[PDB]
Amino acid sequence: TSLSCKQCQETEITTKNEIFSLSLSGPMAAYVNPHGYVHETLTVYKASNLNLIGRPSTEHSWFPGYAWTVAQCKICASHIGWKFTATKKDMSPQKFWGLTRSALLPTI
């Protein structure tokens, strides 16, 4: 139960027992960005070895209620996913992560 950066390979990002379904039609979804490109994601509660980058934004957020910040590998600066943060106190969970499945190992 261990998932790692695909590019540098050594770095543990998260474990499989951190996965959860917030699509509610699965933990694994696919979302389209503004330019029309499709990203196949995986929602997890917790992840580490990630440098965040930029302010949280809600421009075209895939989870309404939440804002997204870009996330990268500490080591190789490879784009892993985004971190989602709630915009009010009442929501739950308050924060989680949406990771690119094709950026992790093993890919599932």
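Residues carry their position along the shown sequence, with the first being 1. Whichever C-alpha set is largest while still superposing within 1.5 Å between the two forms counts as the rigid core.
TODO: Between 33 to 41 and 59 to 67, pick out the one whose C-alpha positions differ more from the shown form in 5 other deposited structures of this protein, using the rigid core for superposition.
DONE: The more displaced stretch in 5 other deposited structures of this protein turns out to be 33 to 41.
Task: Higher-deviation segment by CA RMS in 5 other deposited structures of this protein, core fitted, 15 to 23 or 80 to 88 - done: The stretch that sits farther from the shown form in 5 other deposited structures of this protein is 15 to 23.
Task: Residue range whose averaged C-alpha B-factor is higher in the record, 22 to 30 or 48 to 56 - done: Taking the mean B-factor of the alpha carbons in each, 22 to 30 is higher.
TODO: Compare the C-alpha B factor of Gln9 with those of the other modelled residues in its chain, then answer lowest, middle or highest third.
DONE: Within its chain, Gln9 is a highest-third residue by C-alpha B-factor, going by the deposited values.
Open item on the list: By the recorded C-alpha temperature factor, relative to the other modelled residues in its chain, which third is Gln94 in?
Closed with: It belongs to the middle third of the chain when residues are ordered by C-alpha B-factor.
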